[PDB]
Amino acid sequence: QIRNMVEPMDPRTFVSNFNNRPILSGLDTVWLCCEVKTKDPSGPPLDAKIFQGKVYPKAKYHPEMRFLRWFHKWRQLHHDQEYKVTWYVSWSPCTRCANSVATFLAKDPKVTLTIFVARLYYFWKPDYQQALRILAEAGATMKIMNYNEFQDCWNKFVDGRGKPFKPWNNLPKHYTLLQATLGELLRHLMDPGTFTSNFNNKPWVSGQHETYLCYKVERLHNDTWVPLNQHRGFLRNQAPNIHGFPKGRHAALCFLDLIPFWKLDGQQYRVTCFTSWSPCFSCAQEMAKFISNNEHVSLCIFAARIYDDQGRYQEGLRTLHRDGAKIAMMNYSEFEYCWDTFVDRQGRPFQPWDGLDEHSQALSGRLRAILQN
């Protein structure tokens, strides 16, 4: 049993080190809770361990490297078989550890590794982004710890004395910022079937209401809009969950959450989102507030379909337009751009669905009628 395999850490140690506030000073130690399991999950781990290591000065003593050494010796002492390793790490790997683990995984196909990270270390630095991409390309599955992973870590590796895990304030908001940033820096691409299903602009027949949203940023330079390749990606709405957002968080609000997190300077920026549903009234109100907030940012909203929220959505779109947002229905060129840019297309060109242009024209006429009232 795990509590017999690990010496559980102090609750104060866990809460202070795994707090997922993305920008957090003072934490000079990395913590790593790991389980080693067989191909079959659904058991106690073969073994479990807690490693720690000071961030500075010697990366050779970071817990990732302590794990590699311990796991080498451990595998010597147990009958060989394929292993599934899981880490909960308080900080994501530094460039040296990311490269060492990537080398280890690439040279050993019998081992697969999943890394849940509480916070992203130096996510804004190109070297760290590149090293995490190298780790991903070696096979490591990298994810941000959410409530379930924090709770699992609490249950397995913390001396909670039977008390349940108590989430700190803003755990879900921090989670969404970090997950979007991880998607950006790993350059996650949308699944092609997911894109085609959600961005088809014929009248919607599915019972699902979900919103997918692709985003990019441009900077004004010498009177020309130039690309800002850093902040490009996609996201979706957060369905309601009492451990996350109890009333949900719509895709447009998650998008708005991202913009201050980018820490844009005073230059002129044009932020564009391609959203499968036009925003509901609440989303449009919040976007209008943001526009009134950040004059150095111009919003361009392209929508695949018009979402009738059974309420004030027309007034919402009119308010958004009145406040300076560019709102347009997506036409062929916008769909093709999103296919080429955000989708895991694997060389395949954009294949438009039936009636794309006709549905675009109908929806464009509807949008024009809404905005002219």
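Counting begins at 1, following the sequence as shown.
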Comparing average C-alpha B factors as deposited, tell me which of 339-347 and 49-57 sits higher.
339-347
Determine, for stretches 106-114 and 198-206, which one has the higher mean CA B-factor as deposited.
106-114
Residue selected from 325, 68, 34, 329 by maximal Cα B factor:
325
With respect to C-alpha B-factor, does residue 163 fall in the lowest, middle or highest third of the chain as deposited?
highest
By the entry's values, the third containing the CA B factor of residue 230 is the highest
By the record's CA B-factor, is residue 251 among the lowest, middle or highest third of residues in the chain?
lowest
Split the chain's modelled residues into thirds by Cα B-factor; is residue 365 in the lowest, middle or highest one?
highest
Going by the recorded CA B-factors, say which third of the chain residue 11 sits in, lowest, middle or highest.
middle
